[PDB]
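Reminder, nothing fancy here: chain letters follow the sequence lines and each chain counts from 1. Because only heavy atoms are used, hydrogens play no part in the values below, and waters and symmetry mates are left out as well, while side chains stay in.
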Amino acid sequence: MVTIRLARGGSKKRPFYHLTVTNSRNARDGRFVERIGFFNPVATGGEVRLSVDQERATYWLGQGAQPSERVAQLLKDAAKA
Amino acid sequence: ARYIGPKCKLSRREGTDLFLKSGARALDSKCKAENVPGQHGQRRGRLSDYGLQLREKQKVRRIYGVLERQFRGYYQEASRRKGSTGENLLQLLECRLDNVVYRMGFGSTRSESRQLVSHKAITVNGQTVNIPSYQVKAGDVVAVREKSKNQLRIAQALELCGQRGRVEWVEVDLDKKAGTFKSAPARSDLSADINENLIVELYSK
Amino acid sequence: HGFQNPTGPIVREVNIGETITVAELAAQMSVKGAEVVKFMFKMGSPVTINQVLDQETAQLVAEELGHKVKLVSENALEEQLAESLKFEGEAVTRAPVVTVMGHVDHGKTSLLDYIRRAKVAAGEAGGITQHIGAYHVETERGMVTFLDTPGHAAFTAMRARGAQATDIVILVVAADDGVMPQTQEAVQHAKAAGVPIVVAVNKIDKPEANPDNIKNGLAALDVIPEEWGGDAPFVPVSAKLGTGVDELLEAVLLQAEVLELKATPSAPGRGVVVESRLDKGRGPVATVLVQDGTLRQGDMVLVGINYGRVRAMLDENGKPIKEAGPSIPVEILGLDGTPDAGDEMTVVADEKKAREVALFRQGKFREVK
RNA sequence: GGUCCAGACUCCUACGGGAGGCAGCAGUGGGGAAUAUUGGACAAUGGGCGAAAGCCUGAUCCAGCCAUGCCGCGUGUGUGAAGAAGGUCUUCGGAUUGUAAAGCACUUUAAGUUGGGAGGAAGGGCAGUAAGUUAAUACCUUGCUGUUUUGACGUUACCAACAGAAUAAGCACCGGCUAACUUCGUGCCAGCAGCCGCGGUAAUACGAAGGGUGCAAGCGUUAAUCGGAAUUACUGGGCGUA
RNA sequence: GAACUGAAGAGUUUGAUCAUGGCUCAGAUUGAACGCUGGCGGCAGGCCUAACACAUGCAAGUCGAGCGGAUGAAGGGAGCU
Ligand SMILES: Nc1nc2c(ncn2[C@@H]2O[C@H](COP(=O)(O)OP(=O)(O)CP(=O)(O)O)[C@@H](O)[C@H]2O)c(=O)[nH]1
Ligand SMILES: [Mg+2]
Ligand SMILES: [Mg+2]
Ligand SMILES: [Mg+2]
Ligand SMILES: [Mg+2]
Ligand SMILES: [Mg+2]
Ligand SMILES: [Mg+2]
Ligand SMILES: [Mg+2]
Ligand SMILES: [Mg+2]
Ligand SMILES: [Mg+2]
Ligand SMILES: [Mg+2]
Ligand SMILES: [Mg+2]
Ligand SMILES: [Mg+2]
Ligand SMILES: [Mg+2]
Ligand SMILES: [Mg+2]
Ligand SMILES: [Mg+2]
Ligand SMILES: [Mg+2]
Ligand SMILES: [Mg+2]
Ligand SMILES: [Mg+2]
Ligand SMILES: [Mg+2]
Ligand SMILES: [Mg+2]
Ligand SMILES: [Mg+2]
Ligand SMILES: [Mg+2]
Ligand SMILES: [Mg+2]
Ligand SMILES: [Mg+2]
Ligand SMILES: [Mg+2]
Ligand SMILES: [Mg+2]
Ligand SMILES: [Mg+2]
Ligand SMILES: [Mg+2]
Ligand SMILES: [Mg+2]
Ligand SMILES: [Mg+2]
Ligand SMILES: [Mg+2]
Ligand SMILES: [Mg+2]
Ligand SMILES: [Mg+2]
Ligand SMILES: [Mg+2]
Ligand SMILES: [Mg+2]
Ligand SMILES: [Mg+2]
Ligand SMILES: [Mg+2]
Ligand SMILES: [Mg+2]
Ligand SMILES: [Mg+2]
Ligand SMILES: [Mg+2]
Ligand SMILES: [Mg+2]
Ligand SMILES: [Mg+2]
Ligand SMILES: [Mg+2]
Ligand SMILES: [Mg+2]
Ligand SMILES: [Mg+2]
Ligand SMILES: [Mg+2]
Ligand SMILES: [Mg+2]
Ligand SMILES: [Mg+2]
Ligand SMILES: [Mg+2]
Ligand SMILES: [Mg+2]
Ligand SMILES: [Mg+2]
Ligand SMILES: [Mg+2]
Ligand SMILES: [Mg+2]
């Protein structure tokens, strides 16, 4: 199906994550249809921990996209703040 | 790496002061600085344009003790910037942490300030920085670690910085040995005999 | 900090290798060459301006002039590895290793086959042994490691190394044929190796028999039977019929008075290469006989000049294992080349040192070649 | 990493009879100037199944090896003139190596030893509580609370203490192009060489030694592409005799 | 307020000169290799040749809340002991 998951960039021992909407049967870092934010595990300083585009997330949720567990937690974390 | 060895040979080869000793006694009465180093010191031997460009670039490099690859990096970044890369190069070279420490007067020579920086005795914004390439930003408050402020070298070099000519772009508090780097000096403030146009001509080739 | 004029003489540091010249020695001494030449002439052997001298005289002249000296080790890596190699304690008895020697067709492969109940003599191209084989056998008295060697005169070198790692030699001689040239070669090898000899007269089932001329023949060769003076035990066997083999084995194991404490198995293992070959599917494979310590799977091993860590370790009949006792023969995989027989293998337990030492050895090996 | 048919090539066999496909991850032989470990874990992100615990995952996350590249840091710092001894050159006076060394006084980055020490962690189990679910305070879904539980990397990043200058410089070049010069050997030899070209008795060009110049954990050589080449010329060339 | 701003020549045909014209050099780059030498770390890269042949391990399984069936603990215990 169409799912929202995390694509890993960054570098060794310093991960960075892209919130990506994809077809489920793709490589973790391969094709995507849209990126709708990002999540920074380390952050620190002037960096932001995570950011999300609410409109795009809602539109893709309304089309039947199924978020992952981590993405499901992060979405409500962003909504809470 | 780093250049380790005789330091009065460089002055003789370049033919100028090229401050490399503590400056306590003098420069003339240690190396008879009027002959080129080596067996054939008395020969004059005028040199071509390429020789002049090479001597100027080597003179600048030998004053800050920077090797060739890092000098290439500095030149590239200066050319990438705006406003007359020739003076941007000196603007960049004056912001090095070891050079800043030397200007503030905690070291006798550039090498001594470099060893102070490397051996974890200098804190830039209140945390230790031991890289003798850290570009000091205007307004940073360089200091000395409280466990190392009673070293004889700093106090000994303080008066030597007292009589060398005021820089008039950094400030220092002597009791706490802590100073502020107001801004990078303008091209006029530096010695107006380092003709950087030769460097620019050499590298643009 | 002021400048003070020195008062006494100057002393330097002198670096002396295996050889040195008077001119360069004086150069390190900051003295003239003529003065040291006349100094040498005045005391002892005269020297030339460019004469090469040894370590001893160089150290003598360095010590008499007062300068500190230190000798240079031309093989510092090797001695550093040896000193850092190993040190352990404890001691446990090990299974004996016994090699079999004799003349051609005197019946040694048949003897080993009856002992192991294996009948390898049926195979073998041409009916003659051409390879040195090692077998670990569970006899009715204990555990033994047998080494079968070819008897032909063309494998003399292969016999020599066979006597280098045995500590006991069984000399088989045929009753009907008596003393033959390869018997003399075998006794010479045994005497050179400083190893006890147990003689076995074979083919006693033949009607000819006559197992007494061999006694005089071996006595003339400085091997005395149990009677008379008494050096080595004689025993009549029949190999094929299997009569007297029990007594031969008991006599062999009676030579367990040599104690043979193989040190702890907990020490890093050492061994000697016995049989090296190349396999199209698993690379260079080395059959090595452990001497002491223990060899474990996934261990960094330096053998000859080839190094490498053991990917796999088989026993004689396949069936991969993970351990190797003090005197067990094993086939190891993982080296980067085929070693030659007679080389020593040692567990280094430090990969870097093994690497530069092995490259070191390979380089001088190419230079020597 | 499925089926059937045919083919080439290996193999097992008790001789009747079957099996195989590393251009998946490690690995071997071979070819080559030349390119690495039969490693750890599903802790994180994903994927398959399940309802849920959970199971699988050579994807992935991590380790091993190699100056292969890019970047950064060390191999000490200050004082120190009898301008030591030695080497080299010389007009035999001296000059140079050279404050360089020695001596004197400082500091401990990195490596060494020891003690502290995050972040990668979202969740799962249990009990209670509040909403909705109907017809129902039940089961179930969701909030919250309390307790418990999770890391291969890993002896993590990092921080502190200890002794001492101790553990750590090489390569190419020096006739012009092109920064850097003199001696000693050899004599159209031995040799060098990108192009001009050096060598036949005073060779700054061969081979060494002193000195110097470039780079620097690298330095040179070889191979290859573009540039310089306006030398395929659109930008931007020419054709009387080149 | 920024997203660019940039272009060098030399040696060699002659007794000497100008031109034409080829050869060569000074720069930047490699999935490099070889020679000499070699302290540390961070981040990357690592069969370009034989789509040559492959020994041995692992790389694709899950669902008992779809279904028969066989293995059937803990226990309630009973009986003889
Ligand atoms: N009569 C008799 N014949 C024997 C005896 N032992 C061996 N043989 C025979 O002698 C022949 C050779 O014996 P073998 O054991 O092959 O000799 P070998 O020493 O191995 C020969 P090589 O030196 O090459 O290894 C065989 O055919 C065997 O049958 C014995 O005790 N008695
Ligand atoms: Mg992909
Ligand atoms: Mg792809
Ligand atoms: Mg570097
Ligand atoms: Mg035999
Ligand atoms: Mg025959
Ligand atoms: Mg015979
Ligand atoms: Mg290997
Ligand atoms: Mg396959
Ligand atoms: Mg088929
Ligand atoms: Mg077929
Ligand atoms: Mg077929
Ligand atoms: Mg295959
Ligand atoms: Mg493979
Ligand atoms: Mg392929
Ligand atoms: Mg190979
Ligand atoms: Mg090959
Ligand atoms: Mg290689
Ligand atoms: Mg590979
Ligand atoms: Mg997982
Ligand atoms: Mg189950
Ligand atoms: Mg695994
Ligand atoms: Mg590295
Ligand atoms: Mg190399
Ligand atoms: Mg490489
Ligand atoms: Mg002198
Ligand atoms: Mg440290
Ligand atoms: Mg944690
Ligand atoms: Mg610790
Ligand atoms: Mg020149
Ligand atoms: Mg040369
Ligand atoms: Mg000459
Ligand atoms: Mg030349
Ligand atoms: Mg020369
Ligand atoms: Mg080279
Ligand atoms: Mg090339
Ligand atoms: Mg080319
Ligand atoms: Mg080229
Ligand atoms: Mg063109
Ligand atoms: Mg070209
Ligand atoms: Mg042009
Ligand atoms: Mg045109
Ligand atoms: Mg033209
Ligand atoms: Mg026309
Ligand atoms: Mg014509
Ligand atoms: Mg031309
Ligand atoms: Mg001419
Ligand atoms: Mg080469
Ligand atoms: Mg090499
Ligand atoms: Mg080498
Ligand atoms: Mg390929
Ligand atoms: Mg291939
Ligand atoms: Mg499995
Ligand atoms: Mg179901």
Under 3.5 Å side-chain donor-acceptor pair for [X] and [Y]:
| X | Y | value |
| --- | --- | --- |
| B:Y75 | B:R80 | no |
| B:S108 | B:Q156 | no |
| B:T123 | B:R145 | no |
| B:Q151 | B:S148 | yes |

Does [N] stack on [M], meaning their six-ring centres are under 5.5 Å apart and the planes differ by under 30°?
| N | M | value |
| --- | --- | --- |
| E:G31 | E:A32 | no |
| D:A193 | D:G194 | no |
| D:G236 | D:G237 | no |
| D:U79 | D:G80 | yes |
| E:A8 | E:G9 | no |

Write down the distance between [atom1] ([X]) and [atom2] ([N]), rounded to a whole number of angstrom.
| X | N | atom1 | atom2 | value |
| --- | --- | --- | --- | --- |
| A:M1 | D:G48 | CE | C1' | 11 Å |
| B:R145 | D:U109 | CZ | P | 9 Å |
| A:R14 | D:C61 | CZ | P | 17 Å |

Between [X] and [N], does any side-chain N or O lie under 4.0 Å from OP1 or OP2?
| X | N | answer |
| --- | --- | --- |
| A:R70 | D:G123 | no |
| B:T109 | D:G78 | yes |
| B:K32 | D:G98 | no |
| B:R2 | D:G72 | no |

Rounded [atom1] spacing from [N] to [M] in Å:
| N | M | atom1 | answer |
| --- | --- | --- | --- |
| D:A43 | D:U149 | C1' | 14 Å |
| D:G164 | D:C106 | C1' | 13 Å |
| D:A193 | D:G210 | P | 23 Å |
| D:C62 | E:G42 | P | 14 Å |
| D:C234 | D:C239 | P | 16 Å |
| E:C40 | D:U113 | P | 15 Å |
| D:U114 | D:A63 | P | 23 Å |
| D:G76 | D:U222 | P | 35 Å |

Counting only Watson-Crick and G-U wobble pairs whose two distances fall below 3.5 Å, is [N] partnered with [M]?
| N | M | result |
| --- | --- | --- |
| D:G78 | D:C104 | yes |
| D:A81 | D:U77 | no |
| D:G119 | D:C89 | no |
| D:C195 | D:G176 | yes |
| D:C239 | E:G22 | no |

Ionic contact status for [Y] with [X], cut-off 4.0 Å:
| X | Y | answer |
| --- | --- | --- |
| B:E196 | B:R187 | yes |
| B:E68 | B:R72 | no |
| C:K369 | C:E367 | no |

Find which nucleotide of RNA chain E each of B:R72 and C:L333 is nearest to by heavy atoms, and output the residue with the more 5' nucleotide.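 Looking at RNA chain E, the more 5' nearest nucleotide goes with B:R72.
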B:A1 or C:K280: which one's nearest nucleotide on RNA chain E is closer to the 5' end?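 With B:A1 and C:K280 compared, the 5'-side residue is B:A1.
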Under 4.0 Å, heavy atoms only, any strand: does B:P37 hit a base, just the sugar-phosphate, or nothing?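 The answer is sugar-phosphate, as B:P37 gets under 4.0 Å only of primed atoms, P, OP1 or OP2.
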Using a heavy-atom cut-off of under 4.0 Å over every strand shown, decide if B:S133 touches base, sugar-phosphate, or nothing.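 Answer is sugar-phosphate: B:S133 comes under 4.0 Å of backbone atoms only.
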Glycosidic class, syn or anti, of [N] using a 90° window around 0:
| N | result |
| --- | --- |
| D:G16 | syn |
| D:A229 | syn |
| D:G237 | anti |
| D:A136 | anti |
| D:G80 | anti |

Does [N] have a Watson-Crick or wobble partner in any strand here, with both distances under 3.5 angstrom, and which is it?
| N | answer |
| --- | --- |
| D:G21 | none |
| E:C47 | D:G31 |
| E:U14 | none |
| D:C73 | E:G39 |

Sugar geometry class by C1'-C2'-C3'-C4' for D:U114: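 Here the torsion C1'-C2'-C3'-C4' comes out positive, placing D:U114 north.
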For B:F19, I'd like to know if atom CZ has over 12 heavy atoms of other residues, nucleotides or ligands within 6.0 Å.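 Open: at most 12 neighbouring heavy atoms sit under 6.0 Å from CZ of B:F19.
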Scan A:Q66, A:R5, A:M1 and name whichever one has a side-chain contact (heavy atoms from CB on, under 4.5 Å) with A:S24.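 Passing option: A:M1.
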Side chain of B:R153 only, heavy atoms from C-beta on: which candidate in D:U79, D:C106, D:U108 is closest?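 In terms of side-chain proximity for B:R153, the closest of D:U79, D:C106, D:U108 is D:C106.
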Which listed nucleotide (D:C215, E:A2, D:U38) is nearest to the side chain of C:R311?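 From the listed options, D:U38 comes nearest.
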